[PDB]
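Given next, in structure tokens, is a single chain: the form deposited in one PDB entry.
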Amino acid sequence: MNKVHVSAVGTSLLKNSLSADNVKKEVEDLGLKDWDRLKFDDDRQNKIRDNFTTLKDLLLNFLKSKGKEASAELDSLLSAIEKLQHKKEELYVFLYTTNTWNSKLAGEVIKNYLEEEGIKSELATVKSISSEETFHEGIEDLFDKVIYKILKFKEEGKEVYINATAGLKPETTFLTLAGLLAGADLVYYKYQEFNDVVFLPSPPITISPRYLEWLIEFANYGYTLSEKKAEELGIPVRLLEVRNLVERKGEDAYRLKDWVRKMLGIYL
């Protein structure tokens, strides 16, 4: 499993499944008209979870019937697999879901259809998902997770590939950004009407040395202090939390991020 593909999950499966006669009528029954595009904290979202198993089994049938094209995730993923001739025994897939039932719905179906096709997969959820003042914290968190993963698998000697096709815009923007930073092998994308997948350009991108110099000596100073003696050799730590490089959590607010610490170590 030395070929890992990371992807977001969206609601493509939901929206494409309203083509199926059986699905449109069963969904229309539960009153789930626009179930692919609803507010993250919508009443219709609870409808999806109490019927979750009912809907999960319906979409498996639609996904087996339609194949690749039923969903953005599977369409782009399997286009890329055949393009790059990846073996299923040497293959691993990471699906990130959001904290919404339509996203976990699509995630669960895609995970099942992959393991049925003979492809190992793993689900995951950025729990920090709603709009009001949490959405920015959510993409912050998903960025922190993906970038750590990419370094971890890259240390083992995995070939990491990034499916930037599916999920919300910011979700996909950060998945390519983290890939560029953590040195992923490829970032691919496939538009609905493309024949096969296309590879995005990769600029050589790093954390700005202005902040990076203070991160070097952050670890050396026992990391976390007060105000003056925390800025004791020139560490603006509130500035560091604003640029999402350090975490506060409590009173003092001195917690070097787990990816940041690991990325400094790759000056060898």
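Rigid core (definition): largest C-alpha set, two forms, superposition within 1.5 Å. Position 1 is the first residue in the sequence shown; the rest follow in order.
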Comparing 239 to 247 with 33 to 41, the higher average Cα temperature factor in the PDB entry belongs to 239 to 247
Averaging the C-alpha temperature factors as deposited, the higher value of 154 to 162 versus 168 to 176 falls on 154 to 162
Residue set 59, 70, 48, 219, per-entry CA B-factor max assigned to 219
Reading the B-factor column for Cα atoms of 108, 137, 132, 144, the highest value belongs to 132
Sorting the chain's modelled residues by C-alpha B-factor and splitting them into thirds places residue 198 in the middle
Sorting the chain's modelled residues by C-alpha B-factor and splitting them into thirds places residue 8 in the lowest
Of the three thirds of Cα B-factor ranks in this chain, residue 85 occupies the highest
Entry-reported C-alpha B-factor of residue 15 relative to its chain, by third, is lowest
Sorting the chain's modelled residues by C-alpha B-factor and splitting them into thirds places residue 182 in the lowest
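This protein has a second form, the form deposited in another entry, left out of what is shown; the following refers to that one.
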Across 27, 48, 240, 59, the single C-alpha shifting 2 angstroms or more between the shown form and the other one with the core held fixed is at 240
Exercise for the section: State yes or no: after fitting on the rigid core, is the Cα displacement of residue 146 between the shown form and the other one at least 2 Å? Expected result: yes
Does the C-alpha of residue 18 move 2 Å or more between the shown form and the other one once the rigid core is lined up?
no
- Message: Checking residue 217 here: with the core superposed, does its CA move 2 Å or more between the shown form and the other one?
- Response: yes
Per the comparison in the other entry, the residue 213 and residue 225 C-alpha atoms (change 3 Å or more) are positioned closer
In the other entry the CA atoms of residue 100 and residue 248, compared with here and shifted by at least 3 Å, lie farther
